[PDB]
Visitor: 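Below is a structure I'd like to ask you about.
All chains are named by letter (A, B, ...) in the order of the sequence lines, taking the proteins before the strands, and each is independently numbered beginning at 1. Side-chain atoms are counted along with the backbone in the values below, which use heavy atoms only and exclude waters and symmetry mates.
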Amino acid sequence: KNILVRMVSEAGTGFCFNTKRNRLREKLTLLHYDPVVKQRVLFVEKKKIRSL
Amino acid sequence: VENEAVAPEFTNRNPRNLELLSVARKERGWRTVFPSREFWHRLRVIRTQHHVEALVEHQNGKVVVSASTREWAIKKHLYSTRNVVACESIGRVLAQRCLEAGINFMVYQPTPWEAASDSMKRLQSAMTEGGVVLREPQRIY
Amino acid sequence: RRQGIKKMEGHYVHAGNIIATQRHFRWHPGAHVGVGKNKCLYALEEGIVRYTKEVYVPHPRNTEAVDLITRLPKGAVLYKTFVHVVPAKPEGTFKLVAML
Amino acid sequence: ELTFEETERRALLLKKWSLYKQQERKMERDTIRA
Amino acid sequence: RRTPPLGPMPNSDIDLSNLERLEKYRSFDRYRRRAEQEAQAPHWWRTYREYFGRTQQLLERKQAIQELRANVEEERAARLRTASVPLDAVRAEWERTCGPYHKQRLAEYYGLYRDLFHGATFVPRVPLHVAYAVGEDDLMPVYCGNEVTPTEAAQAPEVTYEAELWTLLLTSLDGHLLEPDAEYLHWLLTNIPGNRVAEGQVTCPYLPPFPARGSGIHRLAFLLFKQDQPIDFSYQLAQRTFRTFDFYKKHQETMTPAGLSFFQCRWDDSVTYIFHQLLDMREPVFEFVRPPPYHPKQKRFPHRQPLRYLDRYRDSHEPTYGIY
RNA sequence: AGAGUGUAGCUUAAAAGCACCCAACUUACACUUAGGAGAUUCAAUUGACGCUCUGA
RNA sequence: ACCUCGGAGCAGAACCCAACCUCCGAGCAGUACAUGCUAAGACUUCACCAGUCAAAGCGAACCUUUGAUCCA
Ligand SMILES: [Mg+2]
Ligand SMILES: [Mg+2]
């Protein structure tokens, strides 16, 4: 199944956004727009929010 | 002063006034149909069996500036009127005529294979080096 | 579903008004008529709504429509119903702001 | 790799075969119609 | 119920049972050409258009083409896609041959005919040439629809045309400031002897173009009329205003238009100079004002509307306090 | 001997558009892209050089 | 067995509807991580709740099936 995860910005900001990834799939690292920084920055998966 | 009697509302009757101000409307519909009508002037190329022809046509359908290799004045200077050389020559002639007619901006609507065509690439290059830009400015709302 | 035409021919329509809601492309967008993600037809300008029948030339990237049109006899032309908005007001006017 | 003279000869050969098979198809069609 | 068609239904003439024996559109472009032809063709149903609407010369041409083809260098260049074309020679030849027809198209598109002669057209037989001398070394030409600044058009232009009398006129079709239909004449030479222009009768002195700021782009027309026999004719706007329509009505018996060349003028500092120095008046400034945005009639209870609904109808953005 | 007479294959086209051929992509066809070849039968609307038909 | 939603029958021609009923599938999957932010004007399952579309603008790049409040 899929799990909702909290991608947390690697830019030092507290900005986090939620994505969906397969449980069997590896932890996610993804480029995403940082509104506070106003630039695309890397985000890393921190913790599993739920299992959907 | 009688010379300063100016009407409160000006009435510019030049058909190209708002188009050149980049304020006139473009027909923004027709999404399910090709080609799009969202232009003021369009570059249309007709490649027949023997002749290659180019038109600069307003949105209303009026043909504004044409260059046909059918015409003697141009066909008397090249070998074949149905090749890349003919396309480039007609493109340069049309670019000169567009500049003399004041049409600096245009829209070109090729099919994917027309765009991939080397002759059409040469025609676009000829137009852009002649001064005509094949991309109209956005409308100002 | 409550779909169908919301503005019949001759109806005055303001920019943004939904003209027709549809599941398929029963009516096609004409002049100054945009299409939503769900094929809803809305007015891009303020004016009068007109329904016409026009020759249908599908976008070349539309593979199914291109196949349909290539499987067609040499004299046939497809027709579709199009919805246009005939704009009423001009884009604007030039007004004397100052006599410098 | 290839040179310019051989390319020109290839183009001339293509043109001459164009003419030759054009005459061939023309005469075949003439026989058909006759 | 079914009302019968009011004419030939499309795709009815070819509607035959031999579909397999009927040649088909093997390609998209042939269908596109047919569809464009059909769209151009008139129809009995409502359509988008309803609402949004010598022998020796031939022999010489054939011989010249044969010579050009026979030239092996030309064939080699063409097959190598490297040949070029003399633009100046092509321009001159086109001007002589079919340039007047294209210039008539340009005039019709620019609305010169409908706005000057109320739709009455003609053909610019004489390949007229006008050019405003910029500085001393060069001179900006005035083609059919050119773009020339009033700074470059400050002084009167040099006119050349291979012909033999002539009346030359300049109008601003849309520069009028009071009456929409009228127009301003800028300079008018009459009874031109052949080609030389300095000997022309200067009835109205030369005026540079003066398009007001933010008033758009104005179209200025050089008219040239063939003249049979001279006729006596006749810095103030009331006397510079006139209508080419009735003006040429008063002279069409002996004058016939044979030349046109027109250009577009925008605002420039020379226009400030023109308005102040010699017109002696405050220059008008125009702004393109769009109509106010449409909002539906305000409701007492704007159900399901956002809070911005009230802002859509309030006029002043500053806080108000009523009686307090 | 007489009639119809006549633009490259077709054109109530006026030197054009469709047709036509190869080269590459196709098993192949097709598409597309590159190229190729083409005519108003001879003299002043008329007469005579060629084709079809009607006879021997 | 069903109870919500969606698609088809089931309504021949705006909408609405043959409830009950017949069949199918969804409590999603894939994709992207601007698949953002804002905002005229509209639609709407006949109330409300809810649910849709969207010009212009700003910013990046260059989408195809459900569940309120409270409470944690
Ligand atoms: Mg149902
Ligand atoms: Mg409702």
Visitor: Applying a 3.5 Å limit to both distances, which nucleotide forms a Watson-Crick or G-U wobble pair with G36(G)?
Guide: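 Because both required distances fall under 3.5 Å, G36(G) counts as paired with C58(G).
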Visitor: Using a cut-off of strictly less than 4.0 Å, decide whether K6(C) has a side-chain nitrogen or oxygen near OP1 or OP2 of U44(G).
Guide: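 Yes, such a contact exists.
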Visitor: With rounding to the nearest 0.5 angstrom, report the CZ to CD distance, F39(B) to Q109(B).
Guide: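 Those atoms lie 5.5 Å apart.
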Visitor: Answer syn or anti for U69(G), where the cut-off is 90° from 0 on the glycosidic torsion.
Guide: syn
Visitor: If pairing requires Watson-Crick or G-U wobble contacts with both distances under 3.5 Å, which nucleotide is the partner of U45(F)?
Guide: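 In the structure as shown, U45(F) has no Watson-Crick or wobble partner.
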Visitor: Would you check if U5(F) and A19(F) are a Watson-Crick or G-U wobble pair, both distances kept under 3.5 Å?
Guide: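 In fact, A19(F) forms no Watson-Crick or wobble pair with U5(F) that has both distances under 3.5 Å.
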Visitor: Answer yes or no: are the six-membered ring centres of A11(G) and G12(G) under 5.5 Å apart with planes under 30°?
Guide: no
Visitor: Once rounded to the nearest 0.5 Å, what's the spacing between atom NE2 of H295(E) and atom OH of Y313(E)?
Guide: 6.5 Å
Visitor: Can you check whether any acceptor in the base of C20(F) is under 3.5 Å from a donor in the side chain of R25(D), or vice versa?
Guide: yes
Visitor: Within the structure, does a side-chain N or O atom of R1(C) lie under 4.0 Å from either OP1 or OP2 of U44(G)?
Guide: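 Indeed not, no polar side-chain atom of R1(C) lies that close.
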Visitor: Which nucleotide, if any, forms a Watson-Crick or G-U wobble pair with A13(F), using both distances under 3.5 Å?
Guide: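 Per the H-bond distance test, none.
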Visitor: Could you tell me whether the side chain of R304(E) has a donor or acceptor atom within less than 3.5 Å of a complementary atom in the base of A50(G)?
Guide: yes
Visitor: For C21(G), what is the paired nucleotide under Watson-Crick or G-U wobble rules, both distances under 3.5 Å?
Guide: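 WC or wobble partner is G9(G).
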Visitor: Do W30(B) and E38(B) come close enough that some side-chain heavy atom pair is under 4.5 Å?
Guide: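 No. Closest side-chain heavy atoms not under 4.5 Å.
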Visitor: Starting at the 5' end of RNA chain F, which residue's closest nucleotide do you reach first, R26(E) or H51(B)?
Guide: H51(B)
Visitor: Assign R33(E) to base, sugar-phosphate, or nothing according to its heavy-atom contacts below 4.0 angstrom with the strands shown.
Guide: nothing
Visitor: Anti or syn, where syn is a glycosidic angle within 90° of 0; which label fits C18(F)?
Guide: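 Base orientation relative to the sugar is anti.
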Visitor: When you get a sec, tell me which of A42(G), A60(G), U32(F) is the closest nucleotide to the side chain of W113(B)?
Guide: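 It is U32(F).
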Visitor: At what distance, to the nearest 0.5 angstrom, does CG of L43(B) lie from CD of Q124(B)?
Guide: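 The distance works out to 8.0 Å.
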Visitor: Could you check which of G36(F), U44(G), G41(G) has an atom nearest any side-chain atom of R2(C)?
Guide: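 Among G36(F), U44(G), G41(G), the one nearest the side chain of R2(C) is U44(G).
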Visitor: Does the structure show a Watson-Crick or G-U wobble partner for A1(F), both distances under 3.5 Å? Name it, or say none.
Guide: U54(F)
Visitor: I want to know if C33(G) and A34(G) are stacked - that is, whether their six-membered base rings have centres under 5.5 Å apart and planes under 30 degrees.
Guide: no
Visitor: Given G35(F), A37(F), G59(G), identify the nucleotide with an atom nearest to the side chain of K38(A).
Guide: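 The nucleotide sitting nearest to the side chain is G59(G).
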Visitor: Can you find a side chain N or O atom of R29(D) that sits less than 4.0 Å from OP1 or OP2 on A8(F)?
Guide: no
Visitor: Is there a stack between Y33(A) and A34(G), judged by ring centres under 5.5 Å and planes under 30°?
Guide: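 Answer is yes, a stack.
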Visitor: Both distances below 3.5 Å, Watson-Crick or wobble geometry, any strand: find the nucleotide opposite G41(G).
Guide: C53(G)
Visitor: Considering only atom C1', compute the distance from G27(G) to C16(G) and round it to an integer number of Å.
Guide: 29 Å
Visitor: Quick one: does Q49(B) reach the base of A19(F) with a side-chain donor-acceptor pair under 3.5 Å?
Guide: yes
Visitor: What is the glycosidic conformation of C46(G): syn, defined as within 90° of 0, or anti?
Guide: syn
Visitor: Any side-chain N or O of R28(B) under 4.0 Å from OP1/OP2 of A55(G)?
Guide: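 No, no such contact exists.
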Visitor: Do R82(B) and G35(F) share a donor-acceptor pair, side chain to base, under 3.5 Å?
Guide: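 A donor-acceptor contact between them is absent.
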Visitor: Please determine if a side-chain N or O atom of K20(A) lies less than 4.0 Å away from the OP1 or OP2 oxygen of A29(G).
Guide: yes
Visitor: Would you please confirm or rule out a distance under 4.0 Å between OP1 or OP2 of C22(F) and any side-chain N or O of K21(D)?
Guide: no
Visitor: May I ask you to verify if any side-chain N or O of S119(B) is less than 4.0 angstrom from the OP1 or OP2 atom of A34(F)?
Guide: yes
Visitor: Contact class for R71(C) (heavy atom, under 4.0 Å): base, sugar-phosphate, or nothing?
Guide: nothing
Visitor: Under 4.0 Å between a side-chain nitrogen and a carboxylate oxygen: does that hold for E45(A) and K20(A)?
Guide: no
Visitor: Could you tell me the Watson-Crick or G-U partner of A26(G), where both distances fall under 3.5 Å? Say none if there is no partner.
Guide: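 Paired with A26(G), as far as the under-3.5 Å criterion goes, is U4(G).
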Visitor: Could you say whether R30(E) or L58(E) is positioned toward the 5' end of RNA chain F, judged by the nucleotide with the nearest heavy atom to each?
Guide: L58(E)
Visitor: I need the minimum non-hydrogen distance between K48(A) and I3(A), along with the two atoms involved.
Guide: CG-CD1, 3.8 Å
Visitor: Is there a side-chain contact between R290(E) and the phosphate of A56(G), meaning an N or O under 4.0 Å from OP1 or OP2?
Guide: no
Visitor: Would you say the side chain of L72(C) lies within less than 4.5 Å of the side chain of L78(C), judging by non-hydrogen atoms?
Guide: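 A side-chain contact exists here, since the closest heavy-atom pair is under 4.5 Å.
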Visitor: Any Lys/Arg nitrogen of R25(B) or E45(C) sitting under 4.0 Å from an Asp/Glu carboxylate oxygen of the other?
Guide: yes
Visitor: Under 3.5 Å for both distances, do we get a Watson-Crick or G-U wobble pair between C18(F) and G9(F)?
Guide: yes
Visitor: Would you say a side-chain N or O of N2(A) is under 4.0 Å from OP1 or OP2 of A29(G)?
Guide: yes
Visitor: Tell me, please, if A48(F) and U32(F) meet the Watson-Crick or G-U wobble pairing rule with both distances under 3.5 Å?
Guide: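 No, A48(F) does not pair with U32(F), since the Watson-Crick or G-U wobble distances are not both under 3.5 Å.
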Visitor: Check this for me: does the side-chain of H50(B) come within 3.5 Å of the base of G36(F) through a donor and an acceptor?
Guide: no
Visitor: Please determine if a side-chain N or O atom of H303(E) lies less than 4.0 Å away from the OP1 or OP2 oxygen of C49(G).
Guide: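 Yes, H303(E) has a side-chain N/O under 4.0 Å of OP1/OP2 on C49(G).
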Visitor: Under 4.0 Å between a side-chain N or O of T48(B) and OP1 or OP2 of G17(F)?
Guide: yes
Visitor: Among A34(G), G36(F), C31(F), which is the nearest nucleotide to the side chain of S18(D)?
Guide: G36(F)
Visitor: According to the Watson-Crick and G-U wobble definitions, with both distances under 3.5 Å, which nucleotide is paired to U27(F)?
Guide: none
Visitor: Below 4.0 angstrom from OP1 or OP2 of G35(F), is there any side-chain N or O of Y79(B)?
Guide: no
Visitor: Taking for each residue the nucleotide of RNA chain G bearing the nearest heavy atom, is the 5' side occupied by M8(C) or by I18(C)?
Guide: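 Taking each residue's closest nucleotide, the earlier one in sequence belongs to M8(C).
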Visitor: If you check every side-chain atom of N38(C), which of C53(G), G41(G), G35(F) has the closest atom?
Guide: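 Looking only at side-chain atoms, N38(C) lies closest to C53(G).
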Visitor: So, OP1 or OP2 of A8(G): does either fall under 4.0 Å of a side-chain N or O from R23(C)?
Guide: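 It does, given that an N or O in the side chain of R23(C) lies less than 4.0 Å from OP1 or OP2 of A8(G).
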Visitor: Among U33(F), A55(G), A39(G), which nucleotide sits nearest the side chain of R308(E)?
Guide: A39(G)
Visitor: Answer yes or no: is there a side-chain heavy-atom contact under 4.5 Å between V83(C) and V49(C)?
Guide: yes
Visitor: Name the closest nucleotide to the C40(C) side chain, picking from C53(G), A37(F), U31(G).
Guide: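 Among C53(G), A37(F), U31(G), the one nearest the side chain of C40(C) is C53(G).
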Visitor: Ignoring hydrogens and angles, write down the donor-acceptor pairs under 3.5 Å from the side chains of residues 21-40 of chain C, residues two or more places apart or on other chains.
Guide:
| unit_1 | atom_1 | unit_2 | atom_2 | d |
| --- | --- | --- | --- | --- |
| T21(C) | OG1 | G4(C) | N | 3.1 |
| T21(C) | OG1 | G4(C) | O | 3.3 |
| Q22(C) | OE1 | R26(C) | N | 2.9 |
| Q22(C) | OE1 | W27(C) | N | 2.9 |
| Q22(C) | NE2 | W27(C) | O | 2.8 |
| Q22(C) | NE2 | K39(C) | O | 3.1 |
| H28(C) | ND1 | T32(B) | OG1 | 2.7 |
| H28(C) | NE2 | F25(C) | O | 3.4 |
| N38(C) | OD1 | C40(C) | N | 3.3 |

Visitor: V84(B) near the nucleic acid: base, sugar-phosphate alone, or nothing, with a heavy-atom cut-off under 4.0 Å?
Guide: sugar-phosphate
Visitor: Report the nucleotide, chosen from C33(G), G30(G), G41(G), that has the shortest atom-to-atom distance to any side-chain atom of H32(A).
Guide: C33(G)
Visitor: What is the distance, to the nearest angstrom, from the NZ atom on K39(C) to the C1' atom on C53(G)?
Guide: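 After rounding, the reported distance stands at 13 Å.
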